[PDB]
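Visitor: Below is a structure I'd like to ask you about.
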């Protein structure tokens, strides 16, 4: 029964080279994705470029963090199994919901529809159903219907009506 | 020494068997990871969805692009012990900083105020405390207290004043 | 000669020592990433922490899904062949393109040009150039240069017209 162990020794030696080849392939593949994703470099010297998912602990406690320095994004929302992209590089396009603001700069503003009612052209035009002023008004031209007056009415230029009664 | 080399044979063989078992289990687990999570190999550039960073040379030089054809995200600020999510996937959640704009289409616009003030409502309404105009006007109603008729005026409808100077 | 096969067993033993070294090293690394980034363990129901691209089966077929607990992204557009620092997400700023709107809140609004030709301020003023109103107007203090008065006008206050024609 000597014949057994040596055949075994072979059943071993023969399997080791092939396993070595497989593990070498795996190690090379890890060398690939490591420079891709898992650089396994523990430092803040290169901003941890690539990708990182640090479950970092402070004196506060465990706090999650995900670090990527490459934007290169093109997203789609999955809600209801939907397939709508949202970040074409032309500065977002889904819709603007309720937004708080303190600085805006826009030439064109539209009320809505084949025709907007109250609009704000870059030319400075404005259509409205009201103009309430609690202060100064400097008007230049005008085609006006009713001007109800009961307070100071002093004139420096010209006035020419059709009927003047009083 | 009698059995030492012989026993090493079976010890090896058994250790290889178990080592191969754990390797097969783990390798199947990896086979499961890139199958769904990102991809691997040298997959062509047709759809290549999943997590992947590639450093391709350009005219300027390297380009480490990071591709994500994927879905809803939510992120928080980890700043030195901060825990407040800000833009967590609710369709432009909180607010915009200094922003330039081009065009819009909106029913309702306000100011934003505690004991508060002016707004641009869907129905043209505006209480603008200083409505300076340097061009044409088409008014169909108005109540003017202190009239400063500066240049040549005219009336098509009628004027009727209790007072008169001239 | 024969001593090669006997030597073969102990050579295999040393080779297994080396392979066990490397393999348990790698497995320990992956186990470290498991709660960090690998997420080898299952999630169950809704609990989820970390990363993973799950292409779940649905009655309609494929449903890829991605989930991030918390992150902070950099700013490089697809912009192949160009470096584009866009969407830094600093100070909650992205830059907005053409878009609709439903609800707005902005005390400060500009004309979308080098100066603000028409401006909205927390003071509530408006230096426009045309404001036509088909409804109510309440202008307290104002001047009128080239105006035609197309409907009724009544004064209960003082009247100091420059001239009267009729």
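Positions of Cβ are backbone-derived with ideal geometry, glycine not excepted, and every protein chain shown enters the neighbour counts. Quick note: the coordinates plus some simple rules give every number you see, no bench work behind them.
Visitor: Would you check if residue C:110 is surrounded by 18 or more Cβ atoms within 10 Å (Cβ to Cβ), more than 7 Å from chain A (Cβ to nearest Cβ) and either within 30 Å of residue B:134 (Cβ to Cβ) or out of contact with any strand residue (DSSP E or B) (no Cβ under 8 Å at 6 or more places or on another chain) (or both)?
Guide: Answer is no for this residue.
Visitor: Follow-up question, since we're still on this one. Out of curiosity, is residue B:87 more than 30 Å from residue B:148 (Cα to Cα), more than 7 Å from chain A (Cβ to nearest Cβ) and either in contact (Cβ under 8 Å) with a residue 60 or more places away in the chain or in contact with a helix residue (DSSP H, G or I) (Cβ under 9 Å, 6 or more places away or on another chain) (or both)?
Guide: Considered against the rule, which asks whether it is more than 30 Å from residue B:148 (Cα to Cα), more than 7 Å from chain A (Cβ to nearest Cβ) and either in contact (Cβ under 8 Å) with a residue 60 or more places away in the chain or in contact with a helix residue (DSSP H, G or I) (Cβ under 9 Å, 6 or more places away or on another chain) (or both), residue B:87 comes out as yes.
Visitor: Given C:37, C:29, which one is at the interface with chain A (Cβ under 8 Å from one of its Cβ atoms), within 29 Å of the chain's Cα centre (by Cα) and either part of a helix (DSSP H, G or I) or farther than 23 Å from residue B:36 by Cα (or both)?
Guide: C:37
Visitor: Continuing with the same structure: Which condition from (1) in contact with a strand residue (DSSP E or B) (Cβ under 7 Å, 6 or more places away or on another chain); (2) closer than 30 Å to residue B:113 by Cβ is the one that residue C:50 breaks?
Guide: Status for residue C:50: all satisfied but (2).
Visitor: While we're looking at this one, here's another question. Scan B:137, B:147, B:99 and give me the residue that is facing chain A (nearest Cβ under 7 Å), free of Cβ contacts under 8 Å to residues at least 60 places away in the same chain, touching a strand residue (DSSP E or B) at 6+ places or on another chain (Cβ under 9 Å) and over 30 Å from residue C:153 (Cα atoms).
Guide: Checking each option against the conditions leaves just B:99.
Visitor: In region A:40-73, which residues are under 22 Å from residue C:48 (Cβ atoms) and part of a loop (DSSP other than H, G, I, E, B)?
Guide: A:51, A:61, A:68
Visitor: Follow-up. Test residue C:120 against the criterion of being closer than 21 Å to residue B:112 by Cα and surrounded by 20 or more Cβ atoms within 10 Å (Cβ to Cβ), and give yes or no.
Guide: Taking the combined requirement at face value, the residue satisfies it.
Visitor: Within the bounds of region B:60-72, is there any residue that is facing another protein chain (nearest Cβ under 7 Å), within 13 Å of the chain's Cα centre (by Cα) and farther than 23 Å from residue C:81 by Cα?
Guide: yes
Visitor: Related question: Failed condition for residue C:73, given (1) in contact (Cβ under 8 Å) with a residue 12 or more places away in the chain; (2) touching a helix residue (DSSP H, G or I) at 6+ places or on another chain (Cβ under 9 Å), with all others met?
Guide: Condition (2) is where residue C:73 drops out.
Visitor: Would you confirm, using the coordinates I've provided, whether residue C:105 is touching a helix residue (DSSP H, G or I) at 6+ places or on another chain (Cβ under 9 Å), more than 30 Å from residue B:147 (Cα to Cα) and either facing chain A (nearest Cβ under 7 Å) or buried (at least 16 other Cβ atoms within 10 Å of the Cβ) (or both)?
Guide: So residue C:105 does not fit the description; no.
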